[PDB]
Amino acid sequence: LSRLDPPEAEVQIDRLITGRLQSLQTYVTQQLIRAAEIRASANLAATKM
Amino acid sequence: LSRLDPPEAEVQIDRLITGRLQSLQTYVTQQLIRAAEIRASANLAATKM
Amino acid sequence: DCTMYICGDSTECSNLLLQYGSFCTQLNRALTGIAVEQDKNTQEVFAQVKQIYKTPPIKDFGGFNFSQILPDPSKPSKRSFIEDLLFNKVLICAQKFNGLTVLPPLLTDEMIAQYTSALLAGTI
Amino acid sequence: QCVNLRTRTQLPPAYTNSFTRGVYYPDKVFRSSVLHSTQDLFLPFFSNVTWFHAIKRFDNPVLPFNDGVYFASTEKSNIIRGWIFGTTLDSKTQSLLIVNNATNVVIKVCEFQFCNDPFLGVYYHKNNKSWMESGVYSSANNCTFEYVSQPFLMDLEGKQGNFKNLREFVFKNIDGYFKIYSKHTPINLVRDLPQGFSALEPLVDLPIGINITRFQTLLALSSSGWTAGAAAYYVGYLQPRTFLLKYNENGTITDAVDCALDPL
Amino acid sequence: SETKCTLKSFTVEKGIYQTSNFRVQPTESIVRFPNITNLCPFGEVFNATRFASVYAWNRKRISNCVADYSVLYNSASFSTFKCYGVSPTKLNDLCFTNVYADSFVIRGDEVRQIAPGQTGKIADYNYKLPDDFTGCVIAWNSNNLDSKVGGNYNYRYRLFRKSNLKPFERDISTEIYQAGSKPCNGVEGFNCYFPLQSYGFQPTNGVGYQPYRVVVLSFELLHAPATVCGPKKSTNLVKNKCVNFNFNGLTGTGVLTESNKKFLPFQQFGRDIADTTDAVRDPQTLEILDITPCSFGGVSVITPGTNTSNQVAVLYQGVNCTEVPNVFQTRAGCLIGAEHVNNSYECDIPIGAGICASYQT
Ligand SMILES: *[C@@H]1O[C@H](CO)[C@@H](O[C@@H]2O[C@H](CO)[C@@H](O)[C@H](O)[C@H]2NC(C)=O)[C@H](O)[C@H]1NC(C)=O
Ligand SMILES: *[C@@H]1O[C@H](CO)[C@@H](O)[C@H](O)[C@H]1NC(C)=O
Ligand SMILES: *[C@@H]1O[C@H](CO)[C@@H](O)[C@H](O)[C@H]1NC(C)=O
Ligand SMILES: *[C@@H]1O[C@H](CO)[C@@H](O)[C@H](O)[C@H]1NC(C)=O
Ligand SMILES: *[C@@H]1O[C@H](CO)[C@@H](O)[C@H](O)[C@H]1NC(C)=O
Ligand SMILES: *[C@@H]1O[C@H](CO)[C@@H](O)[C@H](O)[C@H]1NC(C)=O
Ligand SMILES: *[C@@H]1O[C@H](CO)[C@@H](O)[C@H](O)[C@H]1NC(C)=O
Ligand SMILES: *[C@@H]1O[C@H](CO)[C@@H](O)[C@H](O)[C@H]1NC(C)=O
Ligand SMILES: *[C@@H]1O[C@H](CO)[C@@H](O)[C@H](O)[C@H]1NC(C)=O
Ligand SMILES: *[C@@H]1O[C@H](CO)[C@@H](O)[C@H](O)[C@H]1NC(C)=O
Ligand SMILES: *[C@@H]1O[C@H](CO)[C@@H](O)[C@H](O)[C@H]1NC(C)=O
C-alpha cells in the first residue's frame, strides 16, 4: 500500500485476497466436517447416558 | 517451456497450478464426505455384530 | 471475521473485497451455526434431569464406599477426586490479534459439575 | 624483506570430528521460545575438520576458499594475527587483508603483491630497526576499501598448558558482503573440540564485491629460530543445509538440530 | 437499526445478534527516521564527465546519506524515467538499505531492451537485469555532448557471446570466439572474430542511432537497518496511545510502551510467536520499545422481539469495561443497557459464561 501507486496496487492485492479467501473456505469446510463428527459423538453419548 | 520464453511462461504455469490444485481439493473433500458415510455404516455394522 | 483477517483494516482492500459478493455472510453464518450446535450438544448431553437433587449427609449405603465420586465439600469447587484428577490430566493472544476470537461456553464447569452430582445423587 | 622459511616439520593434516559447534545467527530479528526452521549455509554436523599445527613445527599451507570457511583456533598469546583472501594473491585481483594489530584491526581491500611465503615478519623490528609497516607483500598500489575497527586480543599473553582461550570465526561471501561471525570461549581443554554448543555473534558485514577462492592465515613470526606459544587451528568447509533452531526467553540460541542427518 | 440493516428486514425476533466490529481510531503519527547525514551524490553520478561502455558498466554504491528524489524526477533533464518496483510520487518517504547506480551509454534503438525479461543484443551478452527487479531506469539523450563528427568510436559493445550471462554479471574478457569446428588459432582466423564492436555516433545521426546516457538505480530492502531516507519530521515517542507510526519505513498502527525484552546490540524487529511484527528499536535513539494494536472487538445486540419493545442492550465482547470509550461486566465482556439482579430465573436470551438476559417489569 505504501510502496505502489493506487492503480497498480489492486493487481497485487487481488492475489492475496484470493489466496486468503481460499484458505478461509478450506478452514470452514474442515470445521464443518469435524463438527458433524462431534455431533454424532454427542448423540451417541446422550443415548448412552 | 519449449514454446515460450521463460520470463513470460509464469502465467500459463500459474493457471495450470491453480487448476490442478482445485481438482485435488475437490477430490479430497469428496473423499472426506464419503469416508464419513462409510464410518456411519461401519458403526452400524459394529452395533449389529 | 473476514474483513480483518483478509484485509489489514485498509480502505482499498475493503473496497476491493466489496466486489466479491456475500462470501463473508456465508462464512459467519456457518461458524455461528457451529457454535450454536456446540451449545445445543452440551445442553442435550447434560441437562437430562428436571430438578437438581441433593445427596443426604448420611453415608450408610450398605457398605458401598462412595467417597471417591461424590462431590468434594472441602474444595473451592464441587468437583470430585476423579473429576479433579481428569481435569489435571488434560500463544492464545496471537490468534486473537488477527481477528480470531474464541467465545466462552454457555455452561460453565461448575454448572456441569452440579448436573453430574445431581445425576449421581438421584441414581444412588 | 621476506625470507622463505624452511624450519618446518613435515606433518600431514589430521582429521577431527566437528561434533556440534558452528551455529550462527542467520537473521537480525529477535525471537523467544520459537522452533524456527531455516535453510542457509552452515557447517554440517559431525563432519571431518582438518587439524594443523602452528608453534621446528611450522605448518603454513594455502587452503581453498569455497562456500565460506570455519576457522576455529585454540592458542596461547594469539600467535595468529591475520588472514589473506583472494584468487591470485599476486596483485592481479583485489585482495583482502585482515591483519590484526595489537591496537586495532585494519581491513584493506587493495591490490597486494604478496611474497611466495608471506609469513608475518619479525614483530620487534617494525619501527624498531628503522623499519616501517607491512612488507609481507611488496607494494599496495590501488586501494578500493579501507577500514579500521576494534581489535581481537582476548588474552594476548601467557604461556600455559591448559589455556582457556578458544576463538571461532566463520567467513561467508554472499552478494558481495563479506560476513564475519565470531565468538570466544574460555574452555579448559587441550586439543579436542568440546562436547558443547554455543552461538556466534556477528561482527560486521562490510561490502567487498570481490572474487575469493584462496585462503591463508597469518601468524606472528629471525625467520629461522623463534620462540612462540602453542597454537592449533582447524579449518572446515560449509555447505547449504537446513536446520531447526530453538531459542530461549533470553533470546540466545540454546539448541539446534540438523535436517539432512539420520532419519530420526 | 444496525440489526435491521444486517438482517435485511424491518422485524426482528428475541435473541442476540452479532453486528459490525468496533476498533479504536488512531490519534497521531510518528515518523522518527535516522539521524542527520550528508546529502547523497546523485548529481555526481549523473553529471559525470565521462561514461563507460555497456560491457564495462560502472558500479557505484550509495549508502549513509540523505537523498531527495523530488528534484531528480521533477527535472526535465531526463528523457525517460521508468520505475519497476516503486512509484516516484511516494518514493521520497521510503527508507532503503543500499542503492546501486550503474551508468553507461546505449544506442537509441536498443534502450528498450534494458527492461527486465527481454532478449536482444544488449540483453544477452553484455548486460542483464533480473525479473525480480525493484530499481528505476533513467535515460537521457546526449547527442550534443557525446556525438563527435570525427568519430567517438571508443564506445564498444559485445556482438555475441558463447553463452548468456547471469544478471549483474559484468564481462571484460576479449578472447576471440570460435564459431566453427576448426580451433580458433591466433588473433584472427576463419570463424574467429573479435567479440567487441564500436558503434557509429555522429552529431548528424538521427534518432534510433543517437547515443543515450542510461543509468539504472537499483536498491535493496529488508536486509539491514535503514541507511537512505528522505524527509525526517522527528516528532516524539508518545506511549500508551493508539497512534500511527513509521520508524524505518515499517508503517503501522497501535500503542507503544517501554519493554523489558533482552535485545542484543544487533537485535530489533521482534517476531515473538507469529508472523506479526513485535517490538522494535527506534532510530536516532537506542531505547527498546513495544507495539500492540489498538483495542478491538465485535459488538452484539441483545433484544426482545420488535413486536414487544424497542429498547435493547449492547455487549462488547472481549474488551474490559474500562476502555470501552448501567455498565455491568461479565466474563463474556462489557454488557450495557441491562441491570444485574440477585435473583435467578431460566435462560431466555443466552448471554454466555453462565449469564442470561430477559425482559421483566
Ligand atoms: C472410603 O474411602 C475413603 C477414601 O480412601 C476413605 O478415607 C480415607 O481414609 C484413610 C484412613 O487414614 C485416609 O488416610 C485417607 O486420606 C482417606 N481418604 C480421603 C479421600 O479422605 C474412607 O475411610 C473409606 N470409608 C468410608 C466409610 O468413608
Ligand atoms: C573422516 O574420514 C575418515 C577417513 O577419511 C572416514 O573413515 C570417516 O568416516 C570420515 N568422517 C565422516 C564424519 O565422514
Ligand atoms: C600494525 O602491525 C604492523 C605489522 O607488524 C606494523 O608494521 C604496524 O606498525 C602496526 N601498527 C601500529 C600502529 O603499530
Ligand atoms: C592501479 O590502477 C591504475 C589505474 O587504474 C592502473 O594503471 C594500474 O595498473 C593499477 N595497478 C594495480 C597493481 O592494480
Ligand atoms: C574467481 O576467479 C576464478 C579464476 O579461475 C574463476 O574460476 C571463478 O569462477 C571466479 N569466481 C567468480 C565468482 O567469478
Ligand atoms: C533469562 O530470562 C529469565 C526469565 O525471563 C531470567 O530469570 C533470567 O535471569 C534471564 N537470564 C539471562 C542471562 O538473561
Ligand atoms: C549538473 O550540474 C549543474 C550545474 O552544477 C546543476 O545545475 C544540475 O542540477 C546538475 N544535474 C545533475 C543531474 O547532476
Ligand atoms: C543524533 O545524534 C545526536 C548525538 O548522538 C543526538 O544527541 C540526537 O538526539 C540524535 N538525533 C537527532 C539529532 O534527531
Ligand atoms: C409480539 O409477537 C411476538 C412473536 O414472537 C410475541 O412473542 C409477543 O408476545 C408479541 N407481543 C405483543 C405485545 O403482542
Ligand atoms: C479489567 O479491569 C479490572 C479493573 O482493574 C482488572 O481487575 C482486570 O484485571 C482487567 N481485565 C484484564 C483482562 O486485564
Ligand atoms: C446483588 O448484586 C449486587 C451486584 O452484583 C451486589 O452489590 C449486591 O450485594 C447483591 N445483593 C446481595 C443481597 O448480595
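Note that chain C is numbered according to Swiss-Prot, with residues 737-826, 849-882 shown in order.
Per the header of the entry, the method used was electron microscopy, 3.5 Å.
Yeah, the Cβs are placed from backbone N, Cα and C, and that goes for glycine too.
Per Swiss-Prot, the feature disulfide bond maps to C:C738-C:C760 (among others); the stated evidence is experimental evidence. According to DSSP, C:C760 (disulfide bond) is assigned to a helical segment.
If you look up Swiss-Prot, you'll see C:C743-C:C749 (among others) marked as disulfide bond. Taken residue by residue with DSSP, C:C749 (disulfide bond) is part of a helix.
Reduced to three states, the DSSP call for C:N801 (N-linked glycosylation site) is coil. The Cβ of C:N801 (N-linked glycosylation site) lies under 8 Å from the Cβ of no residue that sits 6+ residues away along the same chain. Per Swiss-Prot, N-linked glycosylation site is recorded for C:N801, and the stated evidence type is experimental evidence.
Proximity to ligand 9 (Cβ under 6 Å from any of its atoms) holds for none of the recorded positions C:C738, C:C743, C:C760, C:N801. Taking the Cβ of C:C743 (disulfide bond) as centre and 10 Å as the limit, one finds 20 other Cβ atoms among all the protein chains shown. The separation of C:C738 (disulfide bond) from C:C749 (disulfide bond), Cα to Cα, is 12 Å.
In sequence order, the recorded positions near chain A (CB to CB under 8 A) are C:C738, C:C749, out of C:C738, C:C749, C:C760, C:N801. Of all the Cβ atoms in the protein chains shown, 19 others lie within 10 Å of the Cβ of C:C749 (disulfide bond). Cβ environment of C:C738 (disulfide bond): C:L753, C:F759, C:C760, C:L763, C:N764 lie under 8 Å away, each six or more residues apart in the same chain.
Proximity of the recorded positions (C:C738, C:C743, C:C749, C:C760, C:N801) to ligand 2: a Cβ under 6 Å from the molecule is found for none of them.
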